[PDB]
Structure formats: structure tokens, C-alpha cells
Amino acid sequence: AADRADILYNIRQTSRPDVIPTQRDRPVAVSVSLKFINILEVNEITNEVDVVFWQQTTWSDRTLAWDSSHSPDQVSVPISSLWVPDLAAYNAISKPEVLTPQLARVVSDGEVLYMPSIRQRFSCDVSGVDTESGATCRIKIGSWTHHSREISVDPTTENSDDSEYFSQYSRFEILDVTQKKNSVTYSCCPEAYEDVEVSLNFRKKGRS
């Protein structure tokens, strides 16, 4: 009869925060979805935008699974005690500013969810933000050091209201957000690196 103190204790034993949990010989499947919450400073001259969003991130780590028959099925764990994808926004020009406690949710079957609220500035296409069609800023997120055979990233395919959580007090409004996937092979290495491109179509409110 283990409690929550036991679950965390035995997770610290099996978990290796620096060892990607590749099962057999397959890549770790990381799903990523960006819940846009706000759009702050926007500079059409420099093509920069300050965005706030909840980066819903999920994956499975079997080395964490336990028996939930006489124990809770889920627990909150500091991410510093788990392995986490080394995701990076390729066109970000400031490091990600995490606004929420850095805790992930771990399910007895090894499923992991981490959804930090992040504030980050980006280099993207802002032109057209003050027009009916709006501007389309594309955000590219993917593993920085794990190629396609170690980590694959796919947008959590779930038809959701693009502005379900978007602040109603923002000067901007979201016209549409589309998430796509891509595989790129750089110089350094022969293997491909997967990324997800989130396109944020938005414009200023109250235009003539």
C-alpha cells in the first residue's frame, strides 16, 4: 500500500533525467501543442512579437510506470526529476521565460504531460498585422540535439478552438492557428531533425 511519497520516491530511483527513454530501438514520440494566451509587443518594423502560450507537451516514459491498484494514478513531479524533451523554438530571439511552477504530471502507466506557460519573443513575419488578412507568424519548435530516430515531434491532432484560452483583453485577435510538421537535415549531421511549425494568423482589433 504505497502513497504519493512512495510513488515519488520510487520514481527518483528509476528515473534518469539525462537519459532519453528510448524503448527498444524506437524514437520517443513527443506531441506538442501551443495554446496561445496573449500577444504583447509586436513590432512590424523589426518583425518581432512577444507571445505567451501554454506549451502542452506529452510523451511516454515506461521507466516511470508503477502499480496504481492501491496507489494514485497520477502525481505532480518537478521536471528536474524526470527526462524532458530538449525542445527549442528555432526562431526565438530570447530564452523562454517560464511563468508557471515547473511541475509535470506523471501517470502510473508512464505517460507524461508538461504544460508550462511561456513568454518568449520571436523573429517572424509580422507584416500585415494591421490589415484584415492579418499577419502570419510561424513558430518552429523541435528537439535541439535528438534527431528523428531518437525524437519525433508531431502536433497533437485535436480540433480545438484556436482562441479558447486567448485573453479577451489583448489588443490582438487570433484569426487562425495551424500546426504542421517537417523534417530537416542540417550540416553537422546526416540524420534528420523533426520540427513542428505553428502558424499564428492574427491581427489588431478595432480596425476601420
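In case it trips you up, residue 1 is the first one in the sequence shown, and so on.
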task = Name the higher of the two by mean Cα B-factor in the PDB entry, 53 to 61 versus 154 to 162.
result = 154 to 162
Higher-scoring stretch by recorded Cα B factor average, 191 to 199 or 10 to 18 = 10 to 18
remark   = Top Cα B-factor in this entry, restricted to 180, 149, 140, 171, sits on 180
request  = Can you pull the Cα B-factors for 78, 72, 96, 128 from the entry and say which is highest?
outcome  = 72
ask   = What third of its chain's C-alpha B-factors does residue 167 belong to: lowest, middle or highest?
value = lowest
ask   = Would the CA B-factor of residue 36 place it in the lowest, middle or highest third of its chain?
value = middle
request  = Quick one: classify residue 47 as lowest, middle or highest third of the chain based on its Cα B-factor.
outcome  = lowest
